[PDB]
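Structure data follow from final21.cif (mmCIF, C-alpha atoms (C1' of nucleotides); chains and numbers go by the auth columns):
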```
data_data
loop_
_atom_site.group_PDB
_atom_site.id
_atom_site.type_symbol
_atom_site.label_atom_id
_atom_site.label_comp_id
_atom_site.label_asym_id
_atom_site.label_seq_id
_atom_site.Cartn_x
_atom_site.Cartn_y
_atom_site.Cartn_z
_atom_site.B_iso_or_equiv
_atom_site.auth_seq_id
_atom_site.auth_asym_id
ATOM 1 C CA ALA A 1 -71.056 -151.281 66.647 0.00 101 A
ATOM 2 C CA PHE A 2 -71.069 -154.733 68.226 0.00 102 A
ATOM 3 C CA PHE A 3 -67.808 -154.290 70.159 0.00 103 A
ATOM 4 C CA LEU A 4 -68.964 -151.084 71.839 0.00 104 A
ATOM 5 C CA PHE A 5 -72.446 -152.591 72.221 0.00 105 A
ATOM 6 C CA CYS A 6 -71.091 -155.566 74.173 0.00 106 A
ATOM 7 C CA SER A 7 -68.799 -153.318 76.228 0.00 107 A
ATOM 8 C CA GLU A 8 -71.921 -151.286 77.071 0.00 108 A
ATOM 9 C CA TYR A 9 -74.390 -154.133 77.744 0.00 109 A
ATOM 10 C CA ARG A 10 -71.774 -156.052 79.786 0.00 110 A
ATOM 11 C CA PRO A 11 -73.562 -155.645 83.185 0.00 111 A
ATOM 12 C CA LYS A 12 -77.017 -157.072 82.496 0.00 112 A
ATOM 13 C CA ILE A 13 -75.979 -159.685 79.931 0.00 113 A
ATOM 14 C CA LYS A 14 -73.123 -160.927 82.140 0.00 114 A
ATOM 15 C CA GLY A 15 -75.086 -160.905 85.402 0.00 115 A
ATOM 16 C CA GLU A 16 -78.408 -162.271 84.142 0.00 116 A
ATOM 17 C CA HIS A 17 -77.525 -165.298 81.982 0.00 117 A
ATOM 18 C CA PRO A 18 -73.830 -165.517 81.008 0.00 118 A
ATOM 19 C CA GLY A 19 -73.569 -168.906 79.321 0.00 119 A
ATOM 20 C CA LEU A 20 -70.877 -171.587 79.266 0.00 120 A
ATOM 21 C CA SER A 21 -67.679 -169.523 79.053 0.00 121 A
ATOM 22 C CA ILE A 22 -66.856 -165.830 78.827 0.00 122 A
ATOM 23 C CA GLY A 23 -65.718 -166.551 75.271 0.00 123 A
ATOM 24 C CA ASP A 24 -69.001 -168.023 74.050 0.00 124 A
ATOM 25 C CA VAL A 25 -70.962 -165.451 76.070 0.00 125 A
ATOM 26 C CA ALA A 26 -69.280 -162.441 74.482 0.00 126 A
ATOM 27 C CA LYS A 27 -69.259 -164.188 71.091 0.00 127 A
ATOM 28 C CA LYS A 28 -73.023 -164.739 70.973 0.00 128 A
ATOM 29 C CA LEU A 29 -73.716 -161.332 72.519 0.00 129 A
ATOM 30 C CA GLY A 30 -71.485 -159.529 70.016 0.00 130 A
ATOM 31 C CA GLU A 31 -73.179 -161.445 67.212 0.00 131 A
ATOM 32 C CA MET A 32 -76.592 -160.325 68.470 0.00 132 A
ATOM 33 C CA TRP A 33 -75.228 -156.782 68.804 0.00 133 A
ATOM 34 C CA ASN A 34 -73.942 -156.705 65.225 0.00 134 A
ATOM 35 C CA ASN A 35 -77.341 -158.121 64.195 0.00 135 A
ATOM 36 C CA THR A 36 -79.402 -155.683 66.307 0.00 136 A
ATOM 37 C CA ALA A 37 -75.326 -150.053 64.678 0.00 138 A
ATOM 38 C CA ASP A 38 -78.994 -149.207 64.126 0.00 139 A
ATOM 39 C CA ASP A 39 -79.505 -149.486 67.906 0.00 140 A
ATOM 40 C CA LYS A 40 -75.906 -149.481 69.175 0.00 141 A
ATOM 41 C CA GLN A 41 -74.331 -146.401 67.541 0.00 142 A
ATOM 42 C CA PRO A 42 -73.904 -144.105 70.607 0.00 143 A
ATOM 43 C CA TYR A 43 -71.681 -146.705 72.293 0.00 144 A
ATOM 44 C CA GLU A 44 -69.347 -146.626 69.287 0.00 145 A
ATOM 45 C CA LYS A 45 -69.608 -142.824 69.344 0.00 146 A
ATOM 46 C CA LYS A 46 -68.416 -142.787 72.962 0.00 147 A
ATOM 47 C CA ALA A 47 -65.629 -145.209 72.024 0.00 148 A
ATOM 48 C CA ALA A 48 -64.475 -142.909 69.215 0.00 149 A
ATOM 49 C CA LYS A 49 -64.752 -139.886 71.519 0.00 150 A
ATOM 50 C CA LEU A 50 -62.417 -141.531 74.026 0.00 151 A
ATOM 51 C CA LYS A 51 -60.114 -142.554 71.165 0.00 152 A
ATOM 52 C CA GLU A 52 -59.859 -138.945 69.972 0.00 153 A
ATOM 53 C CA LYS A 53 -59.451 -137.694 73.548 0.00 154 A
ATOM 54 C CA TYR A 54 -56.545 -140.086 74.201 0.00 155 A
ATOM 55 C "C1'" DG B 1 17.317 -145.618 150.254 0.00 1 B
ATOM 56 C "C1'" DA B 2 15.102 -141.923 146.846 0.00 2 B
ATOM 57 C "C1'" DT B 3 13.813 -141.572 141.888 0.00 3 B
ATOM 58 C "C1'" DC B 4 14.001 -143.669 137.752 0.00 4 B
ATOM 59 C "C1'" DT B 5 12.913 -146.604 134.150 0.00 5 B
ATOM 60 C "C1'" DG B 6 12.178 -150.516 130.593 0.00 6 B
ATOM 61 C "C1'" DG B 7 9.907 -154.659 131.155 0.00 7 B
ATOM 62 C "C1'" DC B 8 5.792 -156.515 131.701 0.00 8 B
ATOM 63 C "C1'" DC B 9 1.119 -156.475 131.985 0.00 9 B
ATOM 64 C "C1'" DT B 10 -2.785 -155.219 130.913 0.00 10 B
ATOM 65 C "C1'" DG B 11 -5.811 -152.841 127.961 0.00 11 B
ATOM 66 C "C1'" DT B 12 -8.126 -150.953 124.302 0.00 12 B
ATOM 67 C "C1'" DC B 13 -8.749 -150.629 118.922 0.00 13 B
ATOM 68 C "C1'" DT B 14 -8.144 -152.218 113.867 0.00 14 B
ATOM 69 C "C1'" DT B 15 -8.984 -155.453 110.040 0.00 15 B
ATOM 70 C "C1'" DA B 16 -10.465 -159.893 108.631 0.00 16 B
ATOM 71 C "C1'" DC B 17 -13.592 -164.569 109.202 0.00 17 B
ATOM 72 C "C1'" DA B 18 -20.923 -167.255 107.146 0.00 18 B
ATOM 73 C "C1'" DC B 19 -27.132 -165.355 104.848 0.00 19 B
ATOM 74 C "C1'" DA B 20 -27.976 -167.789 100.478 0.00 20 B
ATOM 75 C "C1'" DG B 21 -30.863 -171.429 99.374 0.00 21 B
ATOM 76 C "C1'" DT B 22 -35.379 -174.319 100.133 0.00 22 B
ATOM 77 C "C1'" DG B 23 -40.318 -175.705 99.332 0.00 23 B
ATOM 78 C "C1'" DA B 24 -44.688 -173.510 99.386 0.00 24 B
ATOM 79 C "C1'" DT B 25 -47.573 -169.471 98.309 0.00 25 B
ATOM 80 C "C1'" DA B 26 -49.080 -165.396 95.390 0.00 26 B
ATOM 81 C "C1'" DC B 27 -49.862 -162.795 91.923 0.00 27 B
ATOM 82 C "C1'" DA B 28 -49.386 -160.929 87.014 0.00 28 B
ATOM 83 C "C1'" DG B 29 -49.331 -161.718 82.251 0.00 29 B
ATOM 84 C "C1'" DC B 30 -51.082 -164.434 78.216 0.00 30 B
ATOM 85 C "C1'" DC B 31 -53.367 -167.481 75.196 0.00 31 B
ATOM 86 C "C1'" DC B 32 -58.393 -168.576 74.493 0.00 32 B
ATOM 87 C "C1'" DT B 33 -64.478 -166.325 71.751 0.00 33 B
ATOM 88 C "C1'" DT B 34 -66.590 -162.366 68.206 0.00 34 B
ATOM 89 C "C1'" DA B 35 -66.270 -158.086 66.143 0.00 35 B
ATOM 90 C "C1'" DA B 36 -66.297 -154.006 64.159 0.00 36 B
ATOM 91 C "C1'" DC B 37 -63.920 -149.840 63.439 0.00 37 B
ATOM 92 C "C1'" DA B 38 -60.041 -148.052 62.481 0.00 38 B
ATOM 93 C "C1'" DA B 39 -55.265 -148.818 60.745 0.00 39 B
ATOM 94 C "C1'" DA B 40 -51.429 -150.274 57.645 0.00 40 B
ATOM 95 C "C1'" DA B 41 -46.565 -150.665 55.166 0.00 41 B
ATOM 96 C "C1'" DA B 42 -46.419 -152.231 49.716 0.00 42 B
ATOM 97 C "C1'" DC B 43 -47.330 -151.453 45.533 0.00 43 B
ATOM 98 C "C1'" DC B 44 -49.374 -150.166 40.434 0.00 44 B
ATOM 99 C "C1'" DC B 45 -51.076 -147.607 36.774 0.00 45 B
ATOM 100 C "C1'" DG B 46 -52.417 -142.696 37.482 0.00 46 B
#
```

What do you get writing this file as structure tokens?
Amino acid sequence: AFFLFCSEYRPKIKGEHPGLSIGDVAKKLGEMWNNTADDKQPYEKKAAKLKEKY
DNA sequence: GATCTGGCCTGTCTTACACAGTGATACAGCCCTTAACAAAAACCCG
């Protein structure tokens, strides 16, 4: 949920207000994503689709 | 003295005889955050 959600919301969250380091940026953003599945499922669905396609 | 040579002189052609090591520059991995979803040999009582 949160992994695919961060890999999806990368553009705006990384080009609007990143933070101190890429580490802390993606950490806080993945936390917010996991605390949003209820609103991030299709990103994980696309991830699993690519995984099956591989 | 003509016509011969072998003696000598050139007159090419063959194989050897060092380019690897130096400072600076440039990229490619390779650890660092969460994070969740899937994955995983190992094994017990089943």

For chain B against chain A, with a cut-off of 6 Å and counting all atoms listed in the file, what is the closest atom pair and its distance in Å to one decimal for every residue that makes the cut, ordered by chain and number, as JSON lines?
```
{"residue": "B:33", "atom": "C1'", "partner": "A:123", "partner_atom": "CA", "distance": 3.7}
{"residue": "B:34", "atom": "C1'", "partner": "A:127", "partner_atom": "CA", "distance": 4.3}
{"residue": "B:35", "atom": "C1'", "partner": "A:103", "partner_atom": "CA", "distance": 5.7}
```

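Between atom CA of residue A:105 and atom CA of residue A:118 the interatomic distance comes to 15.7 Å.
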
Checklist entry - Between atom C1' of residue B:37 and atom CA of residue A:136, what is the spacing in Å? => result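 Between atom CA of residue A:136 and atom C1' of residue B:37 the gap works out to 16.8 Å.
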
Next on the checklist: So the first atom is atom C1' of residue B:41 and the second is atom CA of residue A:153; what is the distance between them in Å, to one decimal place?
Outcome noted: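 Going from atom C1' of residue B:41 over to atom CA of residue A:153, I get 23.1 Å.
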